[PDB]
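S.K.: Provided herewith is a single structure, encoded as structure tokens, for subsequent inquiry.
Only the coordinates and a few stated rules stand behind these numbers; no lab work does. Here the Cβ positions follow ideal geometry from the backbone for every residue, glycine too, while neighbour counts run over all protein chains shown.
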2 protein chains.
Amino acid sequence: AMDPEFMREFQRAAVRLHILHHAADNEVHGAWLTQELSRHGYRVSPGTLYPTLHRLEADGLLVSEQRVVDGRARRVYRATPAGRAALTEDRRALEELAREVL
Amino acid sequence: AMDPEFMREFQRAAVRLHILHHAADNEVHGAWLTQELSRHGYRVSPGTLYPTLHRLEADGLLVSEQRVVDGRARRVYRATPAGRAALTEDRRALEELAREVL
Ligand SMILES: [Zn+2]
Ligand SMILES: [Zn+2]
Ligand SMILES: [Zn+2]
Ligand SMILES: [Zn+2]
């Protein structure tokens, strides 16, 4: 990239937004988020993603639940009401900036 | 804001993009950038702005020159060819993320 600092800063925000958007549509496992983010073109390792997930729950924007499904313990994440509101606000900021420069 | 970490991350990118867009259109004084960024709705202090400006020059994306105009010495900033290309790349990343989540 010509502007690696922009890409670096912008990716953090992009990831955060994608996590919230996916977790508002439906419940998600961390492992699936890694694959899904990759499909959308973001290079993310579990080592980077899980701390983001935990932070989002700490921020009250996600909530996780322990589930035992098919003899296997798994954590699922979903958006809280605060998360859906955050998503609206974040999307709004994106849309505004998109409208302005494009 | 519901998601202050998103807003914080997103604002850095937004500012960076605005600096490059203004400095591609015309030459700018740092003091004027502060006012202009304020008009566009970004809280920026000289203490935050000048390090960003210096970083952009170090990255080869801006160039500054000491200029004496009307018996008065001033520093002006403008985008380099690399800066115009960075602006295109950054805008492109924005467009992509806009397409994805809207
Ligand atoms: Zn997706
Ligand atoms: Zn602009
Ligand atoms: Zn302007
Ligand atoms: Zn603006």
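S.K.: What residue in chain B has the Cβ closest to the axis turning B into A, and how close is it in whole Å?
M.R.: Chain B residue with minimal Cβ-axis distance: B:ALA98, 2.
S.K.: So which trypsin sites (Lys or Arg not before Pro) in segment A:1-91 are both in a DSSP loop and have at most 10 other Cβ atoms within 10 Å of their Cβ? Before the final figure, lay out the partial values.
M.R.: Details: sites: A:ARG8, A:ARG12, A:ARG16, A:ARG39, A:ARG43, A:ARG55, A:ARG67, A:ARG72, A:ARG74, A:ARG75, A:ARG78, A:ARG84, A:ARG91; in loops: A:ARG43.
Answer by residue number: A:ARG43.
S.K.: Just want to confirm a number: the relative contact order over chain B, from Cα pairs under 8 angstrom separated by 6+ residues, in percent.
M.R.: Numbers: 90 pairs, mean separation 28.7, N = 102.
Relative contact order, chain B: 28 percent.
S.K.: Given a Förster radius of 41 Å and the C-beta distance between A:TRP32 and B:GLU65 as r, what FRET efficiency does 1/(1 + (r/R0)^6) yield to the nearest 0.05?
M.R.: On the way: r = 52 Å, r/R0 = 1.26.
Step by step, r from the Cβ atoms, then E = 0.20.
S.K.: Cβ under 12 Å from A:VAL44's Cβ, A:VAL44 left aside: what net charge do those residues give with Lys, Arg +1 and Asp, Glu -1?
M.R.: Charge balance in the 12 Å sphere: +3.
S.K.: Now for a different question. For peptide A:82-91, what's the mean number of Cβ atoms from other chains within 10 Å of each residue's Cβ?
M.R.: On the way: counts 2, 2, 1, 3, 7, 4, 2, 5, 8, 3.
Partner Cβ neighbours, averaged per residue: 4.
S.K.: Amide H to amide H, which residues 5 or more places from A:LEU62 or on other chains are under 5 Å from it, using H placed in the peptide plane?
M.R.: A:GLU57, A:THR80
S.K.: Right, something else. Distance between Cα centroids, segment B:26-91 to segment A:20-96: provide it in whole Å.
M.R.: So the separation of the two Cα centres works out to 36 Å.
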